[PDB]
Amino acid sequence: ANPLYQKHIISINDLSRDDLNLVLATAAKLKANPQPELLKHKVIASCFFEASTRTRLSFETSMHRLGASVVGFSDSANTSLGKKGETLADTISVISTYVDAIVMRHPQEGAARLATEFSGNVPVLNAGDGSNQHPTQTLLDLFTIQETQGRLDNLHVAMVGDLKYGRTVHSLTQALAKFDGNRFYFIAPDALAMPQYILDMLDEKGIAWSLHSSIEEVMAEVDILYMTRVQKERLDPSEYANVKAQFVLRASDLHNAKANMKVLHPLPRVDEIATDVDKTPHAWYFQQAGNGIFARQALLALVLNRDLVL
Amino acid sequence: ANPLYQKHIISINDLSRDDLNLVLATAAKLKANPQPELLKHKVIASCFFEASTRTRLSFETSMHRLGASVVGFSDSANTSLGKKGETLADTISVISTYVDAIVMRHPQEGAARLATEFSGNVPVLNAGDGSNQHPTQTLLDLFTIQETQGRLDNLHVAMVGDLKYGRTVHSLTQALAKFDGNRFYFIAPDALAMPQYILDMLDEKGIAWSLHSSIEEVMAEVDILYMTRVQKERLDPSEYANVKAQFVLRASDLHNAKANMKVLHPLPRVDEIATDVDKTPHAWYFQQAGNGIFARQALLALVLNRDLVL
Amino acid sequence: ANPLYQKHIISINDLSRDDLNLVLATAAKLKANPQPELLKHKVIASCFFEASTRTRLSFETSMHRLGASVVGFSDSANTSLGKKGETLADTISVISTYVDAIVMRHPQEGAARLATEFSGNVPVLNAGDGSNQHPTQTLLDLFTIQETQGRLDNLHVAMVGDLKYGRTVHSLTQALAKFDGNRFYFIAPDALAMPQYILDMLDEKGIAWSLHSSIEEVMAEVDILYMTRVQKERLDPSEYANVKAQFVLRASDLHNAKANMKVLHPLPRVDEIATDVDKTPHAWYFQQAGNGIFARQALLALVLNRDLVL
Amino acid sequence: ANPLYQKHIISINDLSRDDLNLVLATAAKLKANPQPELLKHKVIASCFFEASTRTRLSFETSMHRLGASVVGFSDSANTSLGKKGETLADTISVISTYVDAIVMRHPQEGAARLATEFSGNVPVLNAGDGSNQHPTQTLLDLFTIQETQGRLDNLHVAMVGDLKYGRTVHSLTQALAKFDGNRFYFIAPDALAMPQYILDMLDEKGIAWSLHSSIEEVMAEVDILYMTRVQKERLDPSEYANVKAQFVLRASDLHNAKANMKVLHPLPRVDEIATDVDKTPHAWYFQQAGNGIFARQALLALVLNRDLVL
Amino acid sequence: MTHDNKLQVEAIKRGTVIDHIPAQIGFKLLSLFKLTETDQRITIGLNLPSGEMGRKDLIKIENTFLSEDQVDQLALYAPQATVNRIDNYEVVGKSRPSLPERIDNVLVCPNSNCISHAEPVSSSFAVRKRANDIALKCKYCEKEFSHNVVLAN
Amino acid sequence: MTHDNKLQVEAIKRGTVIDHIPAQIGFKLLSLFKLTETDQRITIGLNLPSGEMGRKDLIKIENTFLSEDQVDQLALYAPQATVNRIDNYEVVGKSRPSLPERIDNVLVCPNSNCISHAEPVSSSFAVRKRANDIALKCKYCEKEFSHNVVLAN
Ligand SMILES: [Zn+2]
Ligand SMILES: [Zn+2]
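As drawn, each chain counts its residues from 1 in written sequence order, possibly unlike the entry's numbers, and residues without coordinates are not displayed. The lettering of chains begins at A and the numbering of ligands begins at 1, in the order of writing. Chains on display form part of a larger assembly; values are given for the displayed part and nothing beyond it. Based on all heavy atoms of the structure, the side-chain values leave hydrogens and waters out of the count.

As recorded in the entry header, the structure was determined using X-ray crystallography to a resolution of 2.80 Å.

A. Molecular detail of the domain arrangement of chain E. Residues and elements named next belong to chain E. Domain assignment breaks chain E into domain 1 (8-100) and domain 2 (101-153). As used throughout, domain bounds are those supplied by an automatic or database domain assignment. Look at where the C-alpha atoms of domain 1 and domain 2 centre, and you get two points 25 Å apart. Contacts are residue-level and defined by heavy atoms, with any inter-residue pair within 4.5 Å sufficient. With seven residues of domain 1 in contact, the opposing surface of domain 2 contributes nine residues. Between domain 1 and domain 2, roughly 700 Å² of surface is buried when both sides are summed, and carbon and sulfur atoms account for 66% of that area. For this document, the term salt bridge refers to a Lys or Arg side-chain nitrogen within 4 Å of an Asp or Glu carboxyl oxygen. Our count for the contact surface shared by domain 1 and domain 2 stands at zero salt bridges. Polar contact criterion, stated in full: a pair of N or O atoms within 3.5 Å, where within protein one must be able to donate a hydrogen and the other to accept it, and residues adjacent in sequence count only if both atoms are side-chain atoms. Our enumeration of links across domain 1 and domain 2 arrives at two residue pairs in polar contact. Here the side of domain 1 that touches domain 2 is composed, by residue class, of six nonpolar, one polar and no charged. Take the accessible area each of two parts loses on contact, using a 1.4 Å probe, and add the two losses: that sum is the buried area. When residue character is reported, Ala, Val, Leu, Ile, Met, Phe, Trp, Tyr, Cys and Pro are called nonpolar, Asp, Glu, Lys and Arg charged, and the others, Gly included, polar.

B. Examining the coordination of the zinc ion (ligand 1) more closely. All names here are of chain E. Note that water is not among the atoms considered, so a metal site may appear incomplete; the donors listed are N, O and S atoms within 2.8 Å of the metal, with 3.2 Å applied to Na, K and Ca. Of the protein atoms, only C109 (SG), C114 (SG) and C138 (SG) coordinate the zinc ion (ligand 1), at distances of 1.9 to 2.3 Å. Counting along the primary sequence, the residues that act as donors to the zinc ion (ligand 1) give the motif C-x4-C-x23-C. When a residue's accessible area, from a 1.4 Å probe over protein chains only, is under 20% of the maximum for its type it is buried; when over 50% it is exposed; and in between it is partly exposed. Taking the relative accessible area as the measure of exposure, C114 reaches 0% and is therefore buried.

C. Layout of the interface of chain F and chain E. Tallying the contact residues gives 19 residues for chain F and 22 residues for chain E. Both faces considered, chain F and chain E share a buried interface measuring about 1800 Å² in area, 55% of it formed by carbon and sulfur atoms. Looking at the side of chain F facing chain E, the largest losses of area belong to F27, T36 and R41 of chain F, adding up to 28% of the total buried there. Taken together, the connections running from chain F to chain E amount to zero salt bridges. Summed over the shared surface of chain F and chain E, the result is six residue pairs in polar contact. Here a strand is any run of E in DSSP of at least two residues, a helix any run of H or I of at least four, and the numbering for each starts at the N terminus. Those elements that place two or more of their residues in the side of chain F that touches chain E are helix 1 (27-32) and strand 1 (42-44) of chain F. Sorting elements by how many residues they give to the side of chain F that touches chain E places strand 1 of chain F first, with three residues. Residues of the side of chain F that touches chain E, tallied by class, amount to six nonpolar, nine polar and four charged.

D. Helix 10 (residues 285-304) of chain A, seen in detail. Residues and elements named next belong to chain A. To estimate the expected span of a helix, subtract one from its residue number and multiply by 1.5 Å. Counted at 1.5 Å a residue, the expected span for helix 10 with its 20 residues is 28 Å, and the 29 Å between its end C-alpha atoms agrees. At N291, helix 10 shows its largest kink, close to 25 degrees. Among the 20 residues in helix 10, 19 count as buried, and that is most of the element. Throughout, bend refers to the angle between the axes fitted to the seven residues that end at a position and the seven residues that start at it.

E. Inspection of the environment of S11 of chain B at higher detail. Tracing the chain through its elements places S11 of chain B in the segment before helix 1 (17-32). In this structure the C-alpha to C-alpha distance between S11 of chain B and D203 of chain B, which are 192 residues apart in sequence, comes to 22 Å. In this structure the side chain of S11 of chain B is engaged in a polar contact, spanning 2.7 Å, whose partner is the side chain of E142 of chain E.

F. Structural detail: the coordination of the zinc ion (ligand 2). Residues and elements named next belong to chain F. The protein atoms that coordinate the zinc ion (ligand 2) are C114 (SG), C138 (SG), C141 (N) and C141 (SG), at distances of 1.9 to 2.7 Å. Here the metal geometry follows the donor angles, with tetrahedral for four donors whose angles all fall between 85 and 135 degrees, square planar for four and octahedral for six when opposite donors are more than 155 degrees apart and every other angle is between 65 and 115, and irregular for all the rest. Around the zinc ion (ligand 2), the four donor atoms are arranged such that angles at the metal cover 44 to 128 degrees; this shape is classified as irregular. In terms of primary sequence, the donors binding the zinc ion (ligand 2) are separated according to C-x23-C-x2-C. Taken together, the residues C114 in the loop between helix 2 (68-72) and strand 2 (128-129) and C138 in the loop between strand 3 (134-137) and strand 4 (144-146) connect sequence positions 24 residues apart. The burial state of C114 is the same as that of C138; both residues are buried.

G. Just the UniProt feature "binding site: Zn(2+)" in chain E, in detail. Residue and element names in this part refer to chain E. UniProt positions are given in the numbering used here, feature names are shortened, and annotations may be inferred rather than shown by experiment. As recorded in UniProt, the feature "binding site: Zn(2+)" lies at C109, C114, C138 and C141. A stretch of 33 residues holds the annotated residues, and the largest C-alpha distance among them is 7.6 Å, short enough that they meet in one place. Apart from residues no more than four positions distant in its own chain, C138 is found in contact with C109, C114, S124, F125 and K143. Structurally, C141 is set in the loop between strand 5 (134-137) and strand 6 (144-146).

H. Just the state of the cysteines, in detail. All names here are of chain E. Sulfur atoms of two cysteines make up a disulfide when they are within 2.5 Å. The final tally for this structure, using the stated rule, is twelve disulfides over all chains. The side chain of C114 participates in a disulfide bridge whose partner is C138; the two sulfur atoms lie 2.0 Å from each other. Between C114 and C138 the sulfur-sulfur dihedral comes to about -110 degrees; the bridge is accordingly left-handed.

I. Highlighting a nonpolar patch on the surface. Residues forming no salt bridge and having over 30% relative accessible area are the ones grouped into patches, like charges within 9 Å of each other and nonpolar side chains (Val, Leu, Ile, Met, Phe, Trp, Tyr) within 5 Å. Each accessible area value is a Shrake-Rupley result obtained with a 1.4 Å probe; residue values ignore everything except the protein chains displayed when judging cover. A cluster of nonpolar side chains, namely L76, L99 and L151 of chain E, defines an oily patch on the protein surface of about 240 Å² accessible area. With respect to the helices, strands and loops of the structure, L99 of chain E is situated in the loop between helix 2 (70-74) and strand 4 (127-129).

Below is the structure:
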């Protein structure tokens with residue numbers, strides 16, 4: 001019945017605004033009044049062809065908080081000793097006959113989509129197919145912004161870090177560009193700046209955006225500060241270093257931030273955000289995490305429950 | 001309500017006598033009248049940063065026998081490929097927001113304690129932080145002695161093996177030293193003898209103890225015989241060998257043991273205890289195991305149930 | 001005694017204009033009149049802390065051809081597979097106590113240099129140290145050029161591929177800078193342009209360089225084309241595909257090619273240089289490759305012998 | 001023919017008092033008047049069943065310096081990485097059919113010895129066999145001593161570190177036992193004292209030894225200090241820290257040090273010998289290290305040549 | 001007035017102040033307890049006689065008053081010494097170096113594991129005395145050592 | 001001048017001392033330049049407004065002639081400061097901190113892979129001037145970083 005019954009969750013791109021608001025709505029409602037038996041008697045494959053424990057646990061917890069049972073695997077690097085002894089399709093076909101739903105993660109792009117064409121009516125939820133999608137992350141990002149900012153419309157968002165290879169970002173910025181108002185700020189080094197296609201897409205919906213060299217500029221005017229980990233391997237020791245501890249965020253830098261402003265991070269961190277931040281009141285990167293439980297929990301309900309209304 | 005509600009279980013050292021008797025009391029009661037739904041609707045992270053399946057299963061079974069759901073991991077040697085890409089603290093912080101409790105095991109000492117300061121009100125239960133604690137083992141040891149000996153006071157206990165590096169031991173001997181009566185016997189080679197600080201602590205509470213060269217001496221006068229595996233790597237092939245099959249226990253050696261006397265082992269064995277023992281009536285090392293289910297099951301109930309009374 | 005007898009060989013920089021000349025003459029002189037006993041009864045240590053077959057055989061071969069005895073090791077040995085083992089300081093101290101020369105390759109910038117302050121009067125020759133110096137490549141390249149062009153001045157040099165990380169390119173454009181009338185045309189994806197520091201040095205020397213997007217553009221007047229490869233990992237798997245435009249040579253693009261022109265490449269080569277090129281008379285990456293047996297051969301000579309008459 | 005022409009070299013024990021003398025004179029004689037063709041046209045098999053770079057280069061270097069050709073292998077090869085492959089018997093049978101000498105290092109006590117009963121008239125030289133013999137260390141040590149002290153009798157020798165497992169110490173205190181007027185001062189943590197078997201041999205020979213807790217105690221009259229390291233794994237990580245008292249030398253403890261005194265150490269060294277020591281004129285672990293090129297060099301000579309005139 | 005000898009200093013302004021510190025131990029207390037993470041008069045001087053067999057160090061701050069216990073957490077280093085807070089122009093508070101129950105952020109459970117290393121936490125031990133030395137129990141590793149072993153790397 | 005002045009800021013006994021050093025950028029110098037590492041006498045004054053006012057840190061060494069070299073290497077932090085060779089309130093000389101050519105032992109290569117780290121050697125760099133930066137080339141790692149890039153840590 002509900003707009004998203006028996007349907008797949010692959011790319012963030014293909015989600016209506018009504019679509020999104022629905023999931024979020026559910027989220028905050030499921031958060032408010034925890035329904036541990038909604039999904040009683042359902043079995044769900046937590047398939048991780050590409051290991052991401054942090055993710056598995058998060059997802060798998062929602063599968064539990066809803067009375068559902070879970071079975072799966074985390075075929076890592078000592079499990080993925082086989083490059084030619086079971087095609088994904090065939091695996092999906094087989095696995096598609098035991099369970100009620102498939103939450104799969106994959107090293108390769110296109111996987112979730114593919115599995116779709118081999119799962120019959122069994123639903124598949126992409127937990128990250130290569131460097132493509134991972135709708136699940138984007139939604140908890142969102143959910144977190146809205147609940148802290150009351151809206152997802154007319155907001156100032158900062159995006160810091162490796163903007164070039166950070167999908168989580170591309171995904172979020174696209175989603176956001178689905179709402180009115182909103183001015184963007186991308187403070188990332190020159191060899192990791194935000195990609196053109198993203199800019200253009202913002203050029204098209206006539207969306208406010210400017211680039212900066214350091215968060216200090218904009219810091220005063222942002223509601224959301226989204227930190228992303230840079231990696232040394234995306235550059236070189238000297239290079240990286242020569243800018244690493246440059247786009248890092250430390251406690252001293254929040255002296256002019258808005259009470260409402262919150263700092264975010266898809267995690268894991270390491271450098272991007274100094275430990276002394278974790279205490280200020282703008283640190284919501286952890287609340288951002290626990291919130292992925294109501295985004296992922298909400299999604300499974302909608303897809304598996306014919307009609308939901310708290 | 002109950003003395004141990006919402007509280008952490010880190011080091012055996014910090015447990016009152018009332019504390020202990022409580023857990024044990026629960027244990028034998030939970031054993032007597034199995035309550036499979038007490039923990040219905042609770043989720044518990046079975047975190048094993050340091051793999052110990054034998055332990056995981058044991059713990060995880062108690063989590064189940066109580067109607068609780070479980071999600072976790074066993075980040076071993078092909079999972080622990082990362083020495084600097086997620087601090088424990090941050091992990092605990094994150095994970096601390098999904099679940100109701102955290103049963104964690106760690107390669108390093110101090111971990112459980114640390115996690116405590118980053119889990120909010122979520123409880124953490126140490127399953128063995130390095131070479132420090134592992135209260136969980138000690139309790140099932142105990143539980144096993146009491147139920148077989150009717151008391152934990154005024155008893156003759158034998159401790160055989162690598163007494164120097166065997167924490168399980170240190171832990172047990174300390175706990176025992178929390179009761180009256182009790183005379184100790186430590187039959188371990190010279191380079192693996194019981195540590196001084198332990199002796200002294202027994203010197204202090206004025207506790208009976210003597211050393212021996214072989215269990216045969218004392219064998220006639222012991223209620224409890226606690227076997228521990230020695231390891232070849234704690235010495236050298238010749239050395240070890242030249243004493244290995246020396247502090248081993250075989251069937252022939254029980255010809256003068258008390259009916260009530262029982263043989264124990266934290267397991268796994270290999271040498272310490274000849275197979276022919278497994279049949280005598282003194283072999284309780286396996287009953288000792290299955291009993292870890294009521295020690296660990298009991299602990300979770302107390303920590304998670306506000307008030308318990310069978 | 002020659003200007004290099006007993007001197008170390010670490011950076012391409014540490015080489016005077018007049019120096020390079022000596023090394024080269026020498027090299028050619030050994031290509032005409034080979035001296036198999038020049039380094040007779042000399043023992044060299046081919047040390048490959050950073051495993052690398054290619055450079056090892058080239059180097060060692062260009063070691064036996066002088067009657068020198070070899071001894072050494074590839075990959076991480078006595079000091080592990082990437083952990084604890086002992087300082088490089090301590091290794092060089094020990095080894096330099098029994099060899100008449102050190103040839104070491106290492107993964108961290110400055111190992112050769114560090115070693116130099118620990119080998120006593122035993123010379124050390126850098127076989128590449130991380131992203132720092134690899135003197136034999138730049139030298140073996142030059143010689144090759146000098147041989148197919150007759151001069152190392154008043155030349156048009158083109159460099160294609162990854163120039164932002166190209167270790168071998170930088171020093172090559174550093175060295176040629178030590179010469180007159182050289183015109184440079186750099187061709188590379190923006191994501192990976194020639195470092196600024198290099199250009200700055202090119203201008204502050206009155207040197208002429210221009211950038212391009214396609215080989216074709218400058219193909220016309222180039223005497224030397226220097227190909228390099230951009231490993232996939234240097235860019236998103238898809239990024240790579242997109243702009244993997246003409247940054248890979250194909251024989252079809254060599255009609256208005258200067259007869260004297262030569263194609264060079266450090267190797268190994270993957271995609272950038274099509275097979276069909278191998279037929280034409282411009283392909284020299286191979287001849288360039290076997291030339292490095294004389295450059296390295298010359299070096300050993302120069303450094304170990306003084307009245308070097310050839 | 002000399003007393004060792006064509007004899008095997010396995011145990012430090014198998015060496016007569018008068019023998020060691022021959023080897024040493026020889027060694028010095030090769031340090032003054034080096035003989036590059038002594039072993040010309042002889043082919044030796046540097047076999048490293050038990051991989052160990054350090055001893056391999058020392059040995060092989062002290063192989064080329066005599067015009068001998070080398071051939072061999074490190075780590076486990078044709079017989080795996082630690083499983084099934086074939087008997088050592090069968091290997092030695094095959095190899096001894098084409099080399100003029102065998103130099104093998106192995107991980108199990110008695111491999112060299114076993115090999116000896118299978119090499120036909122091909123000599124075998126032990127490069128250490130597990131926890132048994134390592135003749136070249138003890139010999140290269142002695143020579144060094146003999147060189148800095150002028151004699152190997154009427155001396156004060158100190159040995160610090162792990163003496164209970166120190167392979168190299170034992171045989172060193174076994175050998176010096178074959179001499180007169182030597183006074184021994186052993187310094188080590190009790191957990192790791194000098195084996196009893198050694199003391200018993202010291203007394204039944206009228207040899208004088210005393211034990212200490214700190215280097216300082218005997219520092220005064222020692223001609224030779226022999227440092228060794230106790231790897232962490234030889235004791236609880238914390239045990240180690242605690243008593244890691246003075247069992248690691250530091251230059252500050254060398255004022256009332258006998259001018260002739262020399263510090264020695266097999267190596268590699270980790271903590272036990274501070275860097276600043278390296279400056280003073282007592283540090284000889286290095287010179288001692290390069291001396292073993294003459295001991296091993298002498299051996300090969302002695303064993304392969306008969307009318308050894310040097 | 002007018003005898004024979006020279007000087008330049010004496011008892012100056014307000015603030016908490018310090019008496020007696022061994023040699024080379026002075027500077028320590030500074031870096032260790034972060035005695036400059038401010039803008040107040042933190043003037044001092046080392047290796048000057050004030051009553052001892054060879055050396056002695058003294059400290060001088062103003063506007064900042066020590067915790068009537070923090071004192072403790074500072075002890076150990078200067079075996080015997082004094083505070084003597086200087087509230088308004090003159091002497092007004094004699095204190096002495098007594099052992100704290102604990103001592104945080106200054107030491108290191110010398111146990112290569114003892115968790116607190118790559119971890120963002122304050123090193124807390126546990127003071128205990130006997131005779132040959134002083135013992136302290138790693139709050140995290142629960143491994144005890146003598147102040148000596150802990151005082152070093 | 002009876003109007004305003006200052007109680008502190010002296011000039012006693014033989015010893016080469018400095019003058020005028022940035023605020024909260026002097027203590028950092030004592031450590032960095034293995035100073036206290038000796039058993040000599042020295043008075044120190046931090047948060048002291050000089051004859052120049054601009055809040056500064058300040059020493060006062062006893063019999064320890066100071067020199068041009070270790071002198072030049074004092075810029076960077078306290079570029080503008082002075083070293084007058086005294087012999088008991090005797091300005092028998094002086095000079096200033098001209099930016100040195102090299103600068104060993106005290107800085108750190110920001111290069112995670114710079115070999116310098118785990119090894120038994122002295123950190124050595126190179127000095128040069130840009131619009132706003134100071135170019136430094138990790139002598140070993142051979143990479144060039146910005147002075148503020150290296151000092152941040
Ligand atoms: Zn600790
Ligand atoms: Zn460097």
